[PDB]
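Engineer: Dropping the structure in here first, questions after.
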Amino acid sequence: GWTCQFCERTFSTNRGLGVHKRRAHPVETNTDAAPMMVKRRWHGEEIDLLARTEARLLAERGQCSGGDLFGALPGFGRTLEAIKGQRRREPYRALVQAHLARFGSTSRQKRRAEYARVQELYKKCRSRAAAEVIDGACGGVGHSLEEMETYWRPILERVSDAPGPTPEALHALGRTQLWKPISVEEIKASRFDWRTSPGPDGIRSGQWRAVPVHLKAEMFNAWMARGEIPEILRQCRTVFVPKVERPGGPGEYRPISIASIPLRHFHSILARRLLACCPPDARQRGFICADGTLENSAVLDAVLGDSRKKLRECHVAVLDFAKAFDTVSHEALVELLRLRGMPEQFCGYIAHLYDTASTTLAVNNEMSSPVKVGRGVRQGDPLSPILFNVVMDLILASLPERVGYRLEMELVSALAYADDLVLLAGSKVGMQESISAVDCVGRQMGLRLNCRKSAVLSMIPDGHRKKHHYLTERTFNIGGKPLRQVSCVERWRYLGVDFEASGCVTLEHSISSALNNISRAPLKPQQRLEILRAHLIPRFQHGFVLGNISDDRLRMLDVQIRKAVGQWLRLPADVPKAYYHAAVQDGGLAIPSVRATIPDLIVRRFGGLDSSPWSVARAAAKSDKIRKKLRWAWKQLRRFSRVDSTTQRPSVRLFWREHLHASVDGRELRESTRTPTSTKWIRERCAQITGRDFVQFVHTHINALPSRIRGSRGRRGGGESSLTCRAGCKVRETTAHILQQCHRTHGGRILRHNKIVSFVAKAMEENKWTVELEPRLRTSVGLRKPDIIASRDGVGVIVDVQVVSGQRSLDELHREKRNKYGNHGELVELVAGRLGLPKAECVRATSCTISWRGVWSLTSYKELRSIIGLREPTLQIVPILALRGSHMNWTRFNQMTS
DNA sequence: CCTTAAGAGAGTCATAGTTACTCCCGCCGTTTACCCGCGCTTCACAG
DNA sequence: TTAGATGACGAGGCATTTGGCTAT
RNA sequence: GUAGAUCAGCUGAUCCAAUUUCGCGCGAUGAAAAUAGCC
DNA sequence: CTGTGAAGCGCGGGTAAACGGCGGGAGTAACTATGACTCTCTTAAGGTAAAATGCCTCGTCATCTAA
Ligand SMILES: Cc1cn([C@H]2C[C@H](O)[C@@H](COP(=O)(O)OP(=O)(O)OP(=O)(O)O)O2)c(=O)[nH]c1=O
Ligand SMILES: [Mg+2]
Ligand SMILES: [Zn+2]
Ligand SMILES: [Zn+2]
């Protein structure tokens with residue numbers, strides 16, 4: 001009977017019809033959920049403004065009544081009868097005297113050229129090449145010097161005519177070590193980014209880095225004595241960098257200005273001193289030593305959660321400043337720093353630095369005539385964020401005192417992160433005076449609010465029906481210009497986190513398009529693995545941790561990533577799941593599993609939120625959403641981790657190590673953990689290996705060669721022809737039989753042995769040993785034949801080479817090969833007599849034991865690194881030789897089928 | 001020279017868990033549209 | 001007062017690494 | 001016909017292959033700074 | 001023409017008769033969480049090796065004890 005007015009579905013009850021109308025038809029139900037406004041309760045934010053206006057009029061005029069207060073409050077939204085009936089109350093008549101007391105004081109050649117570009121760029125700058133592969137292109141400057149200059153030159157040349165701070169905002173803001181000389185240990189402690197381009201002056205980073213520290217100290221102290229630097233070091237070049245991934249004009253670029261490396265080093269030391277000297281307002285979570293993005297997103301999510309759950313009025317604006325650094329006036333900044341109580345030498349230094357600012361614009365290696373700069377704060381100077389924080393402190397100070405949203409008895413008034421601002425309010429009135437305060441003190445400094453991006457979210461609930469409701473009509477102004485309303489279904493991005501009206505939602509991501517782009521770039525197969533490992537997956541980590549995501553979507557994302565890796569390395573689908581995700585030291589390929597990694601990072605970031613210095617974040621930690629999220633994160637972390645033996649923390653690495661070493665194909669890789677030199681071929685030395693050979697090593701490493709036993713997984717209902725050896729050995733045809741046991745593969749085993757013997761012998765000859773290869777020694781047990789014997793300084797060593805299977809202990813195999821020579825006794829005397837030395841104690845047995853998958857025996861590695869002086873870059877090549885010998889064995893076994 | 005190794009993950013479908021609301025009924029507290037005047041203003045009225 | 005033994009600190013030589021990502 | 005190989009119908013497409021182009025073995029392919037945070 | 005008295009108007013104390021915030025109470029649409037199942041399933045050769053920072057090792061110097 002009950003039928004929906006918007007989709008005509010039929011329901012059993014009015015209850016289910018209402019629950020349907022809430023979820024399936026949001027805007028229509030938000031229209032029906034609108035409260036009436038006949039007898040609205042007086043929020044205290046309205047009460048404070050009415051009381052303070054009445055108090056200032058009792059000071060200013062002496063005597064007044066409600067008929068004047070209706071005139072003094074135009075946009076207040078109360079009738080004169082309401083004003084009278086509020087005015088007759090006793091807490092208001094207390095607050096009026098309380099305020100009065102204070103106030104009365106071709107196609108083919110193009111791809112060959114693209115290969116030539118990509119392979120050079122991958123070696124010059126790997127991160128740039130990876131960003132080029134993922135996005136599609138780079139080098140985003142798409143305008144001429146004229147089109148850049150005719151827009152940007154009247155902006156830079158104009159002096160900002162802002163009148164500077166007013167004494168009201170200075171009084172609101174008001175609620176010695178600096179310019180001492182710089183020491184040597186201060187220069188040593190203050191780390192610097194030496195991977196940097198030089199300025200127009202042309203002194204490179206290594207040229208300044210070679211200068212000794214005490215001479216740099218006396219040049220810095222000399223420049224502090226003058227109050228200026230040499231003028232050739234003070235000049236700047238500007239390169240325009242795009243703000244949007246497809247810029248539509250010169251206004252969508254930013255003027256990043258680069259000066260000399262000594263200026264940036266000196267200003268970085270002064271920047272760390274200035275950051276230690278004057279901390280900003282506690283609501284400014286930007287350019288300080290705290291994880292402010294976590295804090296701002298957590299507080300905003302908690303406020304938006306409690307707003308819906310407890311049915312309270314909640315008015316939220318998101319604000320931005322247009323061209324924030326590029327518009328600050330020299331006058332307002334320098335006199336604010338003077339009235340902040342900074343030393344006069346520092347203020348004179350900043351005034352003389354920005355007085356003499358001249359810049360050359362450079363667009364695609366075409367340079368402009370020099371530009372005189374009238375608006376301050378260079379994008380690219382170390383002192384510039386710390387100076388912009390001083391500007392933001394005035395704006396944060398000028399907010400009204402008790403306007404905000406009270407979450408867990410903390411009155412959250414504002415959240416700041418550089419120029420980004422979120423304002424919170426209880427009523428329309430409190431937000432409107434907050435916007436007027438922010439706008440006014442912004443215009444005092446030369447800043448203008450970004451009207452393209454400023455927007456307001458506004459919730460007014462219904463009592464007596466218990467309905468949440470969001471406004472749709474535009475109700476707030478900057479200077480008369482109406483602000484935009486965020487609708488109930490609108491989705492917006494805050495600090496790289498996706499938000500809606502109910503809080504955090506799932507981050508919008510482009511995994512499949514990026515995996516398509518990597519799959520088509522002209523790359524070697526290991527380069528695709530490195531771009532996936534180091535560059536693609538850490539992009540979406542931030543929004544997955546700070547946002548909200550389910551286990552299902554993470555699980556499908558891991559399925560997509562594993563399918564991409566299985567396409568690139570030509571792996572079958574029954575490769576163990578832990579091999580993609582276990583570490584390189586453990587024998588895995590170290591592609592991060594998003595399902596396992598993201599709860600671990602949510603625990604490790606959000607668990608520290610209780611220990612924050614900021615009280616608002618500690619209030620947010622008590623909120624219901626973050627508590628529920630942290631319980632889910634702890635449950636999923638306990639599902640996909642093992643407790644580490646030493647530090648007792650949960651770890652994802654031991655979970656993947658246990659699952660890899662427990663699996664059938666990964667079982668032989670269990671000793672790779674003890675010897676990190678065995679797997680340097682996977683990631684460190686992969687560029688020294690051809691792309692065919694790398695994929696053949698990957699197939700050799702986790703047994704993925706199509707032998708008749710692994711090929712017949714699930715299909716072993718057939719006869720012995722589906723299981724036994726192709727060469728007729730009448731045994732079960734494993735891959736290890738083909739590589740290690742088959743009569744067809746005997747000469748390849750001999751060649752692999754002789755190659756490893758020759759390489760070890762050449763390395764021992766470089767390490768000054770007197771190597772004799774293959775002694776035919778006739779001891780009384782029979783003809784015995786060690787691989788190599790050698791002498792150095794009277795000490796003798798016998799070395800023998802093994803390439804073995806991993807279903808036994810490798811160290812046991814080393815000892816079993818060792819004791820054949822070391823416990824022979826008489827043969828040691830034959831070795832000593834051949835080397836010309838009498839003492840049998842000075843002759844030591846040693847073995848060179850490595851698996852056919854390229855895993856070193858640990859004790860044999862210690863013998864070859866300690867008894868013999870072989871360096872470990874020699875020892876990193878023996879796994880490559882064993883792996884390539886194994887795949888040559890596999891290739892010859894498949895060729896000889898005839 | 002070498003001394004057999006040996007299923008596993010993605011997709012389907014049914015049921016359970018839970019989240020985010022619904023509508024119904026009663027009660028006190030709050031709000032303000034009016035009732036009821038007192039002090040000043042304006043035309044009748046005294047001089 | 002001088003000589004020998006022990007402990008601490010500094011210098012020299014050799015070997016290993018030389019990141020990535022997000023916000024503004 | 002392709003740097004080389006291969007599949008199609010002299011051209012396209014795909015590779016485990018793939019340093020083009022400009023210049024005299026060898027140089028250049030010309031990006032990009034700052035402050036925090038996280039791994 | 002000029003200042004005061006009856007009627008008019010604004011400016012304030014008071015009431016009451018609705019709103020509206022909320023407790024208690026019974027419900028459910030429509031999303032993810034678990035589990036038991038089912039489905040699906042590999043091959044192109046050949047003989048192979050510059051610079052900066054941090055850690056490790058060795059030497060030199062200083063202090064304490066004994067003669
Ligand atoms: C993104 C970014 C910002 N900044 C600084 C410069 C900006 O003035 C300040 C705030 O950044 P933005 O607000 O992102 O940049 P903007 O204000 O100049 O651009 P818009 O007008 O579109 O808002 O942070 C950098 O120095 N480097 C950067 O990469
Ligand atoms: Mg901005
Ligand atoms: Zn409907
Ligand atoms: Zn065989």
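Chain labels follow the order of the structure tokens: the first chain is A, the next B, and so on; residue numbering restarts at 1 in every chain, and ligands are counted from 1 in their shown order.
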I need the chain A residues near chain B as a list in words; criterion: at most 6 Å, counting only C-alpha atoms (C1' of nucleotides).
Structural biologist: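 The selection requested is residues 15, 18, 19, 39, 82, 574, 749 and 750 of chain A.
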Engineer: Name all residues at most 7 Å from residue 709 in chain A (count only C-alpha atoms (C1' of nucleotides); drop same-chain ones fewer than 5 positions away) and give them as a ChimeraX atom specification.
Structural biologist: /A:723,733-734
Engineer: Only C-alpha atoms, please: the residues just picked out, written as a tab-separated table (two decimals), in the first residue's frame.
Structural biologist:
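Everything below was put into again-v6.tsv:
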chain	number	residue	atom	x	y	z
A	723	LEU	CA	53.89	-37.22	-14.37
A	733	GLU	CA	59.39	-35.00	-13.14
A	734	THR	CA	59.92	-32.09	-10.81
Engineer: Neighbouring residues of ligand 2 are defined here as those with any atom at most 7 Å from a ligand atom, counting only C-alpha atoms (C1' of nucleotides) and all ligand atoms; list them as a ChimeraX atom specification.
Structural biologist: /A:320-324,419-420,450
Engineer: Counting only C-alpha atoms (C1' of nucleotides) and all ligand atoms, name the residues that have an atom within 9 Å of an atom of ligand 1; the answer should be given as a ChimeraX atom specification.
Structural biologist: /A:241,243,251-256,320-327,377-381,384-385,388,418-420,449-450,452-453 /C:23-24 /D:33-35
Engineer: Would you list which chain A residues are within 7 Å of chain C using only C-alpha atoms (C1' of nucleotides), as a PyMOL selection string?
Structural biologist: chain A and resi 293+418+495+534-535+538-539+542
Engineer: Which residues of chain A are close to chain D, meaning at most 9 Å apart when you count only C-alpha atoms (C1' of nucleotides), and how do they look as a VMD selection string?
Structural biologist: chain A and resid 108 to 117 119 to 120 139 196 to 197 239 to 241 256 to 259 264 286 to 293 365 378 to 386 522 538 542 605 691 to 693 695 to 696
Engineer: Output as an NGL selection string the set of chain E residues within 10 Å of chain A, with distances taken over only C-alpha atoms (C1' of nucleotides).
Structural biologist: :E and (11-13 or 18-22 or 27-30 or 32-33 or 40-43 or 45-49 or 51)
Engineer: Please return, as a PDB file with N, CA, C and O atoms, in the first residue's frame, all residues of range 165-353 of chain A that DSSP assigns to strand (DSSP E) on the basis of the backbone.
Structural biologist:
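Once written, part.pdb looks like this:
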ATOM      1  N   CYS A 236      67.712  36.524  -8.313  1.00  0.00           N
ATOM      2  CA  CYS A 236      66.778  35.409  -8.425  1.00  0.00           C
ATOM      3  C   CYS A 236      66.375  35.141  -9.872  1.00  0.00           C
ATOM      4  O   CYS A 236      66.271  36.067 -10.682  1.00  0.00           O
ATOM      5  N   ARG A 237      66.148  33.865 -10.185  1.00  0.00           N
ATOM      6  CA  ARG A 237      65.474  33.446 -11.411  1.00  0.00           C
ATOM      7  C   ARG A 237      64.144  32.777 -11.063  1.00  0.00           C
ATOM      8  O   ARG A 237      64.029  32.113 -10.027  1.00  0.00           O
ATOM      9  N   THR A 238      63.125  33.011 -11.890  1.00  0.00           N
ATOM     10  CA  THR A 238      61.792  32.450 -11.687  1.00  0.00           C
ATOM     11  C   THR A 238      61.447  31.451 -12.784  1.00  0.00           C
ATOM     12  O   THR A 238      61.477  31.791 -13.971  1.00  0.00           O
ATOM     13  N   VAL A 239      61.106  30.228 -12.378  1.00  0.00           N
ATOM     14  CA  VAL A 239      60.549  29.206 -13.259  1.00  0.00           C
ATOM     15  C   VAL A 239      59.094  28.995 -12.864  1.00  0.00           C
ATOM     16  O   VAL A 239      58.787  28.827 -11.677  1.00  0.00           O
ATOM     17  N   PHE A 240      58.197  29.012 -13.848  1.00  0.00           N
ATOM     18  CA  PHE A 240      56.775  28.818 -13.596  1.00  0.00           C
ATOM     19  C   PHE A 240      56.441  27.331 -13.568  1.00  0.00           C
ATOM     20  O   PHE A 240      56.812  26.586 -14.481  1.00  0.00           O
ATOM     21  N   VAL A 241      55.742  26.909 -12.517  1.00  0.00           N
ATOM     22  CA  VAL A 241      55.376  25.513 -12.277  1.00  0.00           C
ATOM     23  C   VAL A 241      53.853  25.442 -12.227  1.00  0.00           C
ATOM     24  O   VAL A 241      53.232  26.267 -11.542  1.00  0.00           O
ATOM     25  N   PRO A 242      53.208  24.514 -12.944  1.00  0.00           N
ATOM     26  CA  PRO A 242      51.739  24.505 -12.989  1.00  0.00           C
ATOM     27  C   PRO A 242      51.089  24.033 -11.696  1.00  0.00           C
ATOM     28  O   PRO A 242      51.597  23.150 -10.999  1.00  0.00           O
ATOM     29  N   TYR A 253      49.710  28.924 -12.989  1.00  0.00           N
ATOM     30  CA  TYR A 253      51.097  28.607 -12.691  1.00  0.00           C
ATOM     31  C   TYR A 253      51.523  29.382 -11.450  1.00  0.00           C
ATOM     32  O   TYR A 253      50.906  30.383 -11.084  1.00  0.00           O
ATOM     33  N   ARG A 254      52.582  28.900 -10.783  1.00  0.00           N
ATOM     34  CA  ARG A 254      53.065  29.678  -9.648  1.00  0.00           C
ATOM     35  C   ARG A 254      54.497  30.159  -9.870  1.00  0.00           C
ATOM     36  O   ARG A 254      55.330  29.411 -10.394  1.00  0.00           O
ATOM     37  N   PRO A 255      54.813  31.404  -9.483  1.00  0.00           N
ATOM     38  CA  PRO A 255      56.168  31.931  -9.701  1.00  0.00           C
ATOM     39  C   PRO A 255      57.193  31.513  -8.649  1.00  0.00           C
ATOM     40  O   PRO A 255      57.502  32.265  -7.717  1.00  0.00           O
ATOM     41  N   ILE A 256      57.748  30.317  -8.802  1.00  0.00           N
ATOM     42  CA  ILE A 256      58.767  29.822  -7.882  1.00  0.00           C
ATOM     43  C   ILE A 256      60.101  30.477  -8.227  1.00  0.00           C
ATOM     44  O   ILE A 256      60.568  30.397  -9.369  1.00  0.00           O
ATOM     45  N   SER A 257      60.716  31.132  -7.240  1.00  0.00           N
ATOM     46  CA  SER A 257      61.905  31.957  -7.443  1.00  0.00           C
ATOM     47  C   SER A 257      63.104  31.313  -6.763  1.00  0.00           C
ATOM     48  O   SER A 257      63.044  30.989  -5.573  1.00  0.00           O
ATOM     49  N   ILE A 258      64.188  31.136  -7.515  1.00  0.00           N
ATOM     50  CA  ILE A 258      65.377  30.422  -7.056  1.00  0.00           C
ATOM     51  C   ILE A 258      66.532  31.409  -6.930  1.00  0.00           C
ATOM     52  O   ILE A 258      66.872  32.104  -7.894  1.00  0.00           O
ATOM     53  N   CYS A 314      25.521  23.229  13.216  1.00  0.00           N
ATOM     54  CA  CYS A 314      26.937  23.198  12.880  1.00  0.00           C
ATOM     55  C   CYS A 314      27.133  23.899  11.553  1.00  0.00           C
ATOM     56  O   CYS A 314      26.668  23.419  10.515  1.00  0.00           O
ATOM     57  N   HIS A 315      27.816  25.029  11.597  1.00  0.00           N
ATOM     58  CA  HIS A 315      28.099  25.835  10.423  1.00  0.00           C
ATOM     59  C   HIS A 315      29.601  25.790  10.157  1.00  0.00           C
ATOM     60  O   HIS A 315      30.397  26.197  11.010  1.00  0.00           O
ATOM     61  N   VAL A 316      29.985  25.298   8.976  1.00  0.00           N
ATOM     62  CA  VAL A 316      31.384  25.059   8.607  1.00  0.00           C
ATOM     63  C   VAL A 316      31.683  25.787   7.299  1.00  0.00           C
ATOM     64  O   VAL A 316      30.981  25.583   6.302  1.00  0.00           O
ATOM     65  N   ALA A 317      32.727  26.614   7.288  1.00  0.00           N
ATOM     66  CA  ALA A 317      33.260  27.163   6.045  1.00  0.00           C
ATOM     67  C   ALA A 317      34.652  26.617   5.774  1.00  0.00           C
ATOM     68  O   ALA A 317      35.442  26.430   6.702  1.00  0.00           O
ATOM     69  N   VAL A 318      34.947  26.369   4.503  1.00  0.00           N
ATOM     70  CA  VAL A 318      36.298  26.077   4.041  1.00  0.00           C
ATOM     71  C   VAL A 318      36.767  27.283   3.238  1.00  0.00           C
ATOM     72  O   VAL A 318      36.082  27.717   2.305  1.00  0.00           O
ATOM     73  N   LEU A 319      37.921  27.837   3.605  1.00  0.00           N
ATOM     74  CA  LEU A 319      38.405  29.071   3.005  1.00  0.00           C
ATOM     75  C   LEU A 319      39.807  28.879   2.444  1.00  0.00           C
ATOM     76  O   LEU A 319      40.539  27.966   2.830  1.00  0.00           O
ATOM     77  N   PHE A 321      43.126  31.510   0.517  1.00  0.00           N
ATOM     78  CA  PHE A 321      43.621  32.810   0.093  1.00  0.00           C
ATOM     79  C   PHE A 321      44.233  32.712  -1.296  1.00  0.00           C
ATOM     80  O   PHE A 321      45.048  31.826  -1.569  1.00  0.00           O
ATOM     81  N   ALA A 322      43.834  33.630  -2.171  1.00  0.00           N
ATOM     82  CA  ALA A 322      44.313  33.613  -3.544  1.00  0.00           C
ATOM     83  C   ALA A 322      45.680  34.278  -3.637  1.00  0.00           C
ATOM     84  O   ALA A 322      45.830  35.445  -3.256  1.00  0.00           O
TER      85      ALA A 322
END
Engineer: Using only C-alpha atoms (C1' of nucleotides) and all ligand atoms, which residues have at least one atom no more than 10 Å from ligand 4? Output them as a PyMOL selection string.
Structural biologist: chain A and resi 724-745+893
Engineer: Would you export the selected residues with N, CA and C atoms as a tab-separated table (two decimals), in the first residue's frame, please?
Structural biologist:
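Listing of part_23.tsv after writing:
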chain	number	residue	atom	x	y	z
A	724	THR	N	55.76	-38.50	-15.33
A	724	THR	CA	57.15	-38.95	-15.36
A	724	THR	C	57.97	-38.15	-16.37
A	725	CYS	N	59.29	-38.36	-16.31
A	725	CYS	CA	60.26	-37.53	-17.02
A	725	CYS	C	60.16	-37.70	-18.53
A	726	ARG	N	60.28	-36.58	-19.24
A	726	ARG	CA	60.30	-36.58	-20.70
A	726	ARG	C	61.52	-37.30	-21.27
A	727	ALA	N	62.64	-37.30	-20.54
A	727	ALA	CA	63.85	-37.95	-21.01
A	727	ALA	C	63.89	-39.45	-20.72
A	728	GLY	N	62.90	-39.99	-20.02
A	728	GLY	CA	62.85	-41.42	-19.77
A	728	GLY	C	63.53	-41.90	-18.51
A	729	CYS	N	63.72	-41.04	-17.50
A	729	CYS	CA	64.39	-41.43	-16.27
A	729	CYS	C	63.57	-42.36	-15.38
A	730	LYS	N	62.26	-42.50	-15.64
A	730	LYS	CA	61.30	-43.28	-14.83
A	730	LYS	C	61.28	-42.83	-13.37
A	731	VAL	N	61.26	-41.51	-13.18
A	731	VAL	CA	61.06	-40.88	-11.89
A	731	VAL	C	60.06	-39.75	-12.08
A	732	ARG	N	59.60	-39.19	-10.96
A	732	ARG	CA	58.67	-38.07	-10.98
A	732	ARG	C	59.38	-36.81	-11.49
A	733	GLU	N	58.75	-36.12	-12.44
A	733	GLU	CA	59.39	-35.00	-13.14
A	733	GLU	C	59.09	-33.69	-12.42
A	734	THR	N	59.87	-33.42	-11.38
A	734	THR	CA	59.92	-32.09	-10.81
A	734	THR	C	60.87	-31.22	-11.63
A	735	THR	N	60.82	-29.91	-11.37
A	735	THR	CA	61.79	-28.99	-11.96
A	735	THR	C	63.19	-29.26	-11.44
A	736	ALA	N	63.30	-29.64	-10.16
A	736	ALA	CA	64.59	-29.94	-9.54
A	736	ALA	C	65.24	-31.19	-10.13
A	737	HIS	N	64.44	-32.17	-10.58
A	737	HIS	CA	64.99	-33.28	-11.36
A	737	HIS	C	65.60	-32.80	-12.67
A	738	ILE	N	64.91	-31.89	-13.36
A	738	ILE	CA	65.37	-31.37	-14.64
A	738	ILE	C	66.67	-30.60	-14.48
A	739	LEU	N	66.75	-29.76	-13.45
A	739	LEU	CA	67.92	-28.91	-13.28
A	739	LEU	C	69.09	-29.66	-12.64
A	740	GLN	N	68.80	-30.54	-11.68
A	740	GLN	CA	69.83	-31.11	-10.82
A	740	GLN	C	70.15	-32.58	-11.07
A	741	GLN	N	69.23	-33.35	-11.65
A	741	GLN	CA	69.38	-34.80	-11.67
A	741	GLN	C	69.37	-35.45	-13.04
A	742	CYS	N	68.83	-34.79	-14.07
A	742	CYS	CA	68.56	-35.46	-15.34
A	742	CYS	C	69.85	-35.67	-16.13
A	743	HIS	N	69.93	-36.82	-16.82
A	743	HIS	CA	71.12	-37.17	-17.59
A	743	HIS	C	71.30	-36.26	-18.80
A	744	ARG	N	70.20	-35.70	-19.31
A	744	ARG	CA	70.23	-34.75	-20.41
A	744	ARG	C	70.90	-33.43	-20.03
A	745	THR	N	71.00	-33.14	-18.73
A	745	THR	CA	71.38	-31.83	-18.21
A	745	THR	C	72.76	-31.86	-17.53
A	893	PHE	N	67.15	-28.45	-21.82
A	893	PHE	CA	66.23	-29.58	-21.64
A	893	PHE	C	64.99	-29.43	-22.51
Engineer: Let me have all residues with an atom within 7 Å of ligand 3, counting only C-alpha atoms (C1' of nucleotides) and all ligand atoms, laid out as a ChimeraX atom specification.
Structural biologist: /A:4-9,20-21,24-25
Engineer: Assign secondary structure with DSSP using the backbone only, and return the residues of range 307-377 of chain A in helix (DSSP H, G or I) as a PyMOL selection string.
Structural biologist: chain A and resi 307-310+325-327+330-339+344-355
Engineer: Quote the spacing between CA of residue 174 in chain A and CA of residue 160 in chain A in Å to one decimal place.
Structural biologist: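 Pair CA of residue 174 in chain A / CA of residue 160 in chain A returns 24.9 Å.
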